[PDB]
Asker: 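Please see the structure below; I have some questions.
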Amino acid sequence: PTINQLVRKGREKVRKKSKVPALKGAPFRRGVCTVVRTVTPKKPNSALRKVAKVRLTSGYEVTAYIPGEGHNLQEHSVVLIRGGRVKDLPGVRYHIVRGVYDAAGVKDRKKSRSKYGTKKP
Amino acid sequence: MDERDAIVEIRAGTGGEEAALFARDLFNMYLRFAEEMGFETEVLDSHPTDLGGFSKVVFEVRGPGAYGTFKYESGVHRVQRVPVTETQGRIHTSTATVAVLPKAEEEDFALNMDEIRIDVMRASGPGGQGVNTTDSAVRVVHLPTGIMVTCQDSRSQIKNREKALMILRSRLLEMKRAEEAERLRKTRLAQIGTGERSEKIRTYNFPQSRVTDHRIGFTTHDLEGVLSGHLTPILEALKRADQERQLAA
RNA sequence: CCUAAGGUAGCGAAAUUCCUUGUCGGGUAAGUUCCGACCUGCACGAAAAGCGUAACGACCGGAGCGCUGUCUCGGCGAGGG
RNA sequence: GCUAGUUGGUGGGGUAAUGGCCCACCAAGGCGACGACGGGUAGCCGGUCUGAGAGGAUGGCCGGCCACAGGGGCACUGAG
RNA sequence: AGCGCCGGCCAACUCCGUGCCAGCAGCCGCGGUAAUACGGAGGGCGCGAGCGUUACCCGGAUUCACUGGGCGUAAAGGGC
RNA sequence: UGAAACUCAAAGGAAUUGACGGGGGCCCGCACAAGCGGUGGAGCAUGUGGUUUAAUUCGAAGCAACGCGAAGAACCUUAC
RNA sequence: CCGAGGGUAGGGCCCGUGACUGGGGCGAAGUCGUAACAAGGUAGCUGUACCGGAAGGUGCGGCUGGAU
RNA sequence: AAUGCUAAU
Ligand SMILES: [K+]
Ligand SMILES: [K+]
Ligand SMILES: [Mg+2]
Ligand SMILES: [Mg+2]
Ligand SMILES: [Mg+2]
Ligand SMILES: [Mg+2]
Ligand SMILES: [Mg+2]
Ligand SMILES: [Mg+2]
Ligand SMILES: [Mg+2]
Ligand SMILES: [Mg+2]
Ligand SMILES: [Mg+2]
Ligand SMILES: [Mg+2]
Ligand SMILES: [Mg+2]
Ligand SMILES: [Mg+2]
Ligand SMILES: [Mg+2]
Ligand SMILES: [Mg+2]
Ligand SMILES: [Mg+2]
Ligand SMILES: [Mg+2]
Ligand SMILES: [Mg+2]
Ligand SMILES: [Mg+2]
Ligand SMILES: [Mg+2]
Ligand SMILES: [Mg+2]
Ligand SMILES: [Mg+2]
Ligand SMILES: [Mg+2]
Ligand SMILES: [Mg+2]
Ligand SMILES: [Mg+2]
Ligand SMILES: [Mg+2]
Ligand SMILES: [Mg+2]
Ligand SMILES: [Mg+2]
Ligand SMILES: [Mg+2]
Ligand SMILES: [Mg+2]
Ligand SMILES: [Mg+2]
Ligand SMILES: [Mg+2]
Ligand SMILES: [Mg+2]
Ligand SMILES: [Mg+2]
Ligand SMILES: [Mg+2]
Ligand SMILES: [Mg+2]
Ligand SMILES: [Mg+2]
Ligand SMILES: [Mg+2]
Ligand SMILES: [Mg+2]
Ligand SMILES: [Mg+2]
Ligand SMILES: [Mg+2]
Ligand SMILES: [Mg+2]
Ligand SMILES: [Mg+2]
Ligand SMILES: [Mg+2]
Ligand SMILES: [Mg+2]
Ligand SMILES: [Mg+2]
Ligand SMILES: [Mg+2]
Ligand SMILES: [Mg+2]
Ligand SMILES: [Mg+2]
Ligand SMILES: [Mg+2]
Ligand SMILES: [Mg+2]
Ligand SMILES: [Mg+2]
Ligand SMILES: [Mg+2]
Ligand SMILES: [Mg+2]
Ligand SMILES: [Mg+2]
Ligand SMILES: [Mg+2]
Ligand SMILES: [Mg+2]
Ligand SMILES: [Mg+2]
Ligand SMILES: [Mg+2]
Ligand SMILES: [Mg+2]
Ligand SMILES: [Mg+2]
Ligand SMILES: [Mg+2]
Ligand SMILES: [Mg+2]
Ligand SMILES: [Mg+2]
Ligand SMILES: [Mg+2]
Ligand SMILES: [Mg+2]
Ligand SMILES: [Mg+2]
Ligand SMILES: [Mg+2]
Ligand SMILES: [Mg+2]
Ligand SMILES: [Mg+2]
Ligand SMILES: [Mg+2]
Ligand SMILES: [Mg+2]
Ligand SMILES: [Mg+2]
Ligand SMILES: [Mg+2]
Ligand SMILES: [Mg+2]
Ligand SMILES: [Mg+2]
Ligand SMILES: [Mg+2]
Ligand SMILES: [Mg+2]
Ligand SMILES: [Mg+2]
Ligand SMILES: [Mg+2]
Ligand SMILES: [Mg+2]
Ligand SMILES: [Mg+2]
Ligand SMILES: [Mg+2]
Ligand SMILES: [Mg+2]
Ligand SMILES: [Mg+2]
Ligand SMILES: [Mg+2]
Ligand SMILES: [Mg+2]
Ligand SMILES: [Mg+2]
Ligand SMILES: [Mg+2]
Ligand SMILES: [Mg+2]
Ligand SMILES: [Mg+2]
Ligand SMILES: [Mg+2]
Ligand SMILES: [Mg+2]
Ligand SMILES: [Mg+2]
Ligand SMILES: [Mg+2]
Ligand SMILES: [Mg+2]
Ligand SMILES: [Mg+2]
Ligand SMILES: [Mg+2]
Ligand SMILES: [Mg+2]
Ligand SMILES: [Mg+2]
Ligand SMILES: [Mg+2]
Ligand SMILES: [Mg+2]
Ligand SMILES: [Mg+2]
Ligand SMILES: [Mg+2]
Ligand SMILES: [Mg+2]
Ligand SMILES: [Mg+2]
Ligand SMILES: [Mg+2]
Ligand SMILES: [Mg+2]
Ligand SMILES: [Mg+2]
Ligand SMILES: [Mg+2]
Ligand SMILES: [Mg+2]
Ligand SMILES: [Mg+2]
Ligand SMILES: [Mg+2]
Ligand SMILES: [Mg+2]
Ligand SMILES: [Mg+2]
Ligand SMILES: [Mg+2]
Ligand SMILES: [Mg+2]
Ligand SMILES: [Mg+2]
Ligand SMILES: [Mg+2]
Ligand SMILES: [Mg+2]
Ligand SMILES: [Mg+2]
Ligand SMILES: [Mg+2]
Ligand SMILES: [Mg+2]
Ligand SMILES: [Mg+2]
Ligand SMILES: [Mg+2]
Ligand SMILES: [Mg+2]
Ligand SMILES: [Mg+2]
Ligand SMILES: [Mg+2]
Ligand SMILES: [Mg+2]
Ligand SMILES: [Mg+2]
Ligand SMILES: [Mg+2]
Ligand SMILES: [Mg+2]
Ligand SMILES: [Mg+2]
Ligand SMILES: [Mg+2]
Ligand SMILES: [Mg+2]
Ligand SMILES: [Mg+2]
Ligand SMILES: [Mg+2]
Ligand SMILES: [Mg+2]
Ligand SMILES: [Mg+2]
Ligand SMILES: [Mg+2]
Ligand SMILES: [Mg+2]
Ligand SMILES: [Mg+2]
Ligand SMILES: [Mg+2]
Ligand SMILES: [Mg+2]
């Protein structure tokens with residue numbers, strides 16, 4: 001565009017979109033589990049991925065992934081959720097934090113224990 | 001329970017034509033197995049495919065203990081092999097679903113008049129002194145449910161009463177059938193689920209000539225024998241597990 | 001299989017629906033009427049016109065507000081008998 | 001598209017003081033695509049973070065100014 | 001004395017277990033009976049009273065281009 | 001005039017080497033046509049599918065598996 | 001007189017929700033056909049109009065991002 | 001004149 005056109009109209013800035021709107025600007029959110037189940041991933045992966053339906057303190061109700069091998073979550077469990085989507089699961093945008101509230105740490109975990117919330121043996 | 005007759009429904013899962021061919025293989029295997037155990041088999045429903053498979057096949061196992069011995073075959077069966085519909089020689093993973101139900105009863109439906117209330121009253125509309133003075137209109141009420149049927153079609157109280165009772169019987173029979181069908185549908189869904197590759201109950205690996213039952217971790221290497229109807233080892237292992245699971249306390 | 005040909009658009013429990021107070025939603029503390037839908041149209045349907053339509057109606061439905069001897073439940077008074 | 005104390009004038013009231021700030025009367029003006037009016041959001045700055053610079057984001061603590069003191073309105077005392 | 005990491009980006013590799021399962025994942029992607037990508041072990045790399053993760057901002061983004069972009073066929077010349 | 005939610009990890013332009021066409025051109029082969037003799041019908045031999053069986057060992061699967069591995073299964077062979 | 005607030009009536013805008021209804025995105029498998037990519041077996045595309053289970057067909061005109 | 005070929009190099 002010409003200089004006069006830039007003076008008349010300018011350049012439009014770029015507005016970013018939040019990928020974790022249910023967090024409402026917080027790093028983490030507490031919630032209560034309503035449904036715990038397994039879901040199947042999209043092509044090409046094949047598995048039974050453990051997820052929870054979580055009703056949060058911020059008013060939203062979302063789906064969160066449960067990482068690690070084995071878990072103790074069930075209906076009415078209190079959990080903490082953090083950002084981060086699971087690529088191969090449709091509509092899953094959040095991760096349950098292991099080792100907080102009613103979500104126990106991963107048993108017999110020996111590597112990368114700060115994730116999965118396992119104490120030093 | 002374990003002593004009645006069995007209804008077996010085999011449906012093709014994921015995999016298309018190969019899935020239908022695998023459903024046909026399962027059908028042959030179960031037919032030969034039932035013959036080897038002494039039962040009598042009749043095919044109730046059949047939907048074949050052009051290549052010789054079945055998209056769906058429903059048959060009956062008649063004999064004391066048919067359901068009890070076929071009750072471990074319910075679920076998703078997974079096959080890993082090179083299809084005959086495959087052109088490039090790749091291995092494919094397909095599934096077939098098996099549903100096992102106990103054959104039910106055909107108890108006839110009748111109206112118990114002790115729970116039925118009949119009211120008679122004047123009809124509405126034309127007729128002069130006749131309709132002004134006659135108790136021709138009939139109402140029948142099924143007291144347990146509160147369902148009522150009213151008949152006014154004829155000038156005669158007797159015919160109206162008979163018609164109302166007939167209509168009430170048909171309505172109650174329809175409701176009974178609907179609830180039975182809903183219960184059976186829920187049972188079927190609980191058995192077969194979605195037919196996805198996961199949630200499988202048994203895997204038949206042809207390249208490795210291996211059969212694996214994942215409920216009990218039982219692997220054997222006689223795939224041809226199993227597919228010819230030799231299911232006794234797997235079934236005895238499953239019965240072992242069922243008897244051991246009740247170790248209380 | 002049969003017909004000269006097998007009902008199109010639109011509308012539909014209708015001034016048309018027998019079962020019927022169909023079913024679901026609304027309105028009411030409670031709604032066989034009413035309104036909005038569904039389609040199983042006994043037996044809608046295109047100039048004996050079909051579907052809409054602002055304005056108009058001592059036409060026929062349904063609801064609310066205002067106000068009341070209509071009523072709860074009657075009482076007194078006036079005049080003509 | 002907005003505006004009827006609205007825009008201006010005259011006289012007055014009030015104030016420490018100018019002023020439609022307020023009132024009475026007279027005129028019909030004032031504002032707007034250089035974005036009025038309306039809606040949403042927000043205390044502002046010195047600065048801070050980032051960036052080769054230009055720019056972008058931001059205004060916690062510290063210094064400056066403003067606003068508020070349960071939610072609204074009002075005046076008294078007083079240099080304030 | 002701990003924490004993260006060891007397929008590429010990116011520094012640091014072998015054995016066993018499992019067998020599209022369990023699981024990993026920022027992107028590309030790994031896993032379906034010989035997996036440097038899952039879990040454990042031995043070893044290694046980077047930091048170290050810290051090491052990672054989530055959220056948000058700038059950078060990389062010359063990807064709103066003033067510095068510093070474009071419009072025949074990739075998005076883009078208004079029918080005249 | 002003109003969005004968003006949601007979703008994907010690409011969607012695209014030009015050119016290159018192939019492959020393919022019920023595109024074109026020029027050619028070729030018992031490919032057709034021109035001929036002669038067969039097979040498909042019968043009986044029998046033999047190999048195979050299926051079915052049966054205690055077992056009817058195993059492999060070979062369009063052309064390029066089926067008088068094929070087998071240029072010699074009463075026992076042996078022989079693997080059931 | 002003004003006046004916080006309260007009351008009554010009628011509007012404007014926005015948000016949540018609703019029997020039912022319309023399409024959209026997605027799917028390691030289903031049913032129906034085969035419209036496009038080769039002259040894709042009726043050259044394709046296109047504005048408009050009417051029609052048909054569906055992709056689509058046909059009429060009128062236009063373009064080559066087609067041939068001759 | 002002649003329709004179609006799922007899904008793991
Ligand atoms: K109707
Ligand atoms: K009628
Ligand atoms: Mg210029
Ligand atoms: Mg994978
Ligand atoms: Mg670690
Ligand atoms: Mg009557
Ligand atoms: Mg009469
Ligand atoms: Mg009567
Ligand atoms: Mg009589
Ligand atoms: Mg119609
Ligand atoms: Mg109608
Ligand atoms: Mg109508
Ligand atoms: Mg109705
Ligand atoms: Mg009704
Ligand atoms: Mg009507
Ligand atoms: Mg009726
Ligand atoms: Mg009636
Ligand atoms: Mg009713
Ligand atoms: Mg009714
Ligand atoms: Mg009703
Ligand atoms: Mg209802
Ligand atoms: Mg209601
Ligand atoms: Mg009402
Ligand atoms: Mg109500
Ligand atoms: Mg209400
Ligand atoms: Mg009510
Ligand atoms: Mg009610
Ligand atoms: Mg009702
Ligand atoms: Mg009524
Ligand atoms: Mg009424
Ligand atoms: Mg009503
Ligand atoms: Mg009505
Ligand atoms: Mg109505
Ligand atoms: Mg109605
Ligand atoms: Mg209904
Ligand atoms: Mg409808
Ligand atoms: Mg009806
Ligand atoms: Mg009509
Ligand atoms: Mg006519
Ligand atoms: Mg007529
Ligand atoms: Mg007529
Ligand atoms: Mg008329
Ligand atoms: Mg009409
Ligand atoms: Mg009318
Ligand atoms: Mg009108
Ligand atoms: Mg008018
Ligand atoms: Mg009117
Ligand atoms: Mg009107
Ligand atoms: Mg008028
Ligand atoms: Mg009117
Ligand atoms: Mg008028
Ligand atoms: Mg009039
Ligand atoms: Mg009127
Ligand atoms: Mg009139
Ligand atoms: Mg009248
Ligand atoms: Mg009247
Ligand atoms: Mg009238
Ligand atoms: Mg009237
Ligand atoms: Mg009415
Ligand atoms: Mg009326
Ligand atoms: Mg009324
Ligand atoms: Mg009222
Ligand atoms: Mg009233
Ligand atoms: Mg009275
Ligand atoms: Mg009274
Ligand atoms: Mg009175
Ligand atoms: Mg009363
Ligand atoms: Mg009364
Ligand atoms: Mg009374
Ligand atoms: Mg009363
Ligand atoms: Mg009284
Ligand atoms: Mg009285
Ligand atoms: Mg009295
Ligand atoms: Mg009285
Ligand atoms: Mg009195
Ligand atoms: Mg009295
Ligand atoms: Mg009196
Ligand atoms: Mg008196
Ligand atoms: Mg009087
Ligand atoms: Mg008197
Ligand atoms: Mg008197
Ligand atoms: Mg004034
Ligand atoms: Mg003013
Ligand atoms: Mg002024
Ligand atoms: Mg500064
Ligand atoms: Mg600097
Ligand atoms: Mg600078
Ligand atoms: Mg500040
Ligand atoms: Mg301020
Ligand atoms: Mg305040
Ligand atoms: Mg407070
Ligand atoms: Mg003082
Ligand atoms: Mg003072
Ligand atoms: Mg390296
Ligand atoms: Mg991995
Ligand atoms: Mg890891
Ligand atoms: Mg391994
Ligand atoms: Mg890694
Ligand atoms: Mg490892
Ligand atoms: Mg830098
Ligand atoms: Mg870059
Ligand atoms: Mg920039
Ligand atoms: Mg740059
Ligand atoms: Mg520039
Ligand atoms: Mg560019
Ligand atoms: Mg261009
Ligand atoms: Mg160009
Ligand atoms: Mg293009
Ligand atoms: Mg572009
Ligand atoms: Mg373009
Ligand atoms: Mg031009
Ligand atoms: Mg153009
Ligand atoms: Mg032109
Ligand atoms: Mg997007
Ligand atoms: Mg010849
Ligand atoms: Mg012959
Ligand atoms: Mg023959
Ligand atoms: Mg012969
Ligand atoms: Mg053989
Ligand atoms: Mg072999
Ligand atoms: Mg040969
Ligand atoms: Mg030969
Ligand atoms: Mg021989
Ligand atoms: Mg021997
Ligand atoms: Mg021998
Ligand atoms: Mg809404
Ligand atoms: Mg075409
Ligand atoms: Mg084609
Ligand atoms: Mg085509
Ligand atoms: Mg074709
Ligand atoms: Mg064609
Ligand atoms: Mg064509
Ligand atoms: Mg065509
Ligand atoms: Mg073409
Ligand atoms: Mg073309
Ligand atoms: Mg056209
Ligand atoms: Mg026309
Ligand atoms: Mg046509
Ligand atoms: Mg084809
Ligand atoms: Mg094809
Ligand atoms: Mg087809
Ligand atoms: Mg073809
Ligand atoms: Mg193929
Ligand atoms: Mg194809
Ligand atoms: Mg293909």
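In the text below, chain A, chain B and the rest are named by the order of the sequence lines, each starting its count at 1.
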Asker: What residues form a side chain to side chain donor-acceptor pair (under 3.5 Å) with B:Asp213, not counting sequence neighbours?
Answerer: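 Counting only residues at least two positions away or on another chain, B:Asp213 forms a side chain to side chain donor-acceptor pair (under 3.5 Å) with B:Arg202, B:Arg215.
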Asker: How does the hydrophobic cluster around A:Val100 look, that is, which other residues are in it when side-chain heavy atoms under 4.5 Å mark a link?
Answerer: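 A:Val100 clusters with A:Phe28, A:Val32, A:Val78, A:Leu80, A:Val97, A:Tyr101.
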Asker: Please list every donor-acceptor pair under 3.5 Å in which a side-chain atom of residues 51-68 of chain A meets a protein atom from a residue at least two apart or in another chain.
Answerer:
{"from": "A:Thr57", "atom 1": "OG1", "to": "A:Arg29", "atom 2": "NH1", "distance (Å)": "3.1"}
{"from": "A:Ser58", "atom 1": "OG", "to": "A:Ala22", "atom 2": "O", "distance (Å)": "2.7"}
{"from": "A:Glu61", "atom 1": "OE2", "to": "A:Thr34", "atom 2": "OG1", "distance (Å)": "3.4"}

Asker: Kindly give the cluster partners of B:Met148, where membership spreads through any ILVMFWY side chain lying under 4.5 Å from a current member.
Answerer: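 Under the 4.5 Å side-chain rule, B:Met148 groups with B:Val141, B:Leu143.
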Asker: Quick one: stems involving RNA chain H, counted as three or more successive Watson-Crick or G-U pairs, both distances short of 3.5 Å.
Answerer: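 Detected stem regions: none for this strand.
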Asker: Report the residues that fulfil side chain to side chain donor-acceptor pair (under 3.5 Å) with B:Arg197, sequence neighbours left out, ordered by chain and then residue number.
Answerer: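 Residues passing side chain to side chain donor-acceptor pair (under 3.5 Å) with B:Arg197: none at all.
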Asker: Using a 4.0 Å heavy-atom cut-off, does A:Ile3 contact any base of the nucleic acid, only the sugar-phosphate backbone, or nothing at all?
Answerer: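 Contact class for A:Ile3: none.
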Asker: Can you tell me which stems RNA chain G forms when a stem means 3 or more consecutive Watson-Crick or G-U pairs under 3.5 Å?
Answerer: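 Only these stems qualify: G:43-51 with G:56-64.
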Asker: Can you give me the first and the last nucleotide of RNA chain C (5' to 3') that has an atom within less than 4.0 angstrom of a non-hydrogen atom in chain B?
Answerer: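 On RNA chain C, the outermost contacted nucleotides are C:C18 to C:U20.
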Asker: How does the hydrophobic cluster around B:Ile118 look, that is, which other residues are in it when side-chain heavy atoms under 4.5 Å mark a link?
Answerer: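 Noted: B:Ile118 shares its cluster with B:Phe109, B:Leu111, B:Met113, B:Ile116, B:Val120, B:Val138, B:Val140, B:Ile147, B:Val149, B:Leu165, B:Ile167, B:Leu168, B:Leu172, B:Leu173, B:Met175.
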Asker: For B:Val84, what are the other residues in its hydrophobic cluster, where any two members join if their side-chain heavy atoms are less than 4.5 angstrom apart?
Answerer: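 B:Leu21, B:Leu51, which link up through side-chain heavy atoms under 4.5 Å apart, make up the rest of the cluster.
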Asker: Apply side chain to side chain donor-acceptor pair (under 3.5 Å) to B:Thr145 and list each qualifying residue two or more places apart in sequence or on a separate chain.
Answerer: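 With sequence neighbours excluded, B:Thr145 shows a side chain to side chain donor-acceptor pair (under 3.5 Å) to B:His142, given in chain and number order.
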Asker: Go through the structure and list residues passing side chain to side chain donor-acceptor pair (under 3.5 Å) with B:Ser198, not counting sequence neighbours.
Answerer: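 Listed in chain order: nothing, the list is empty.
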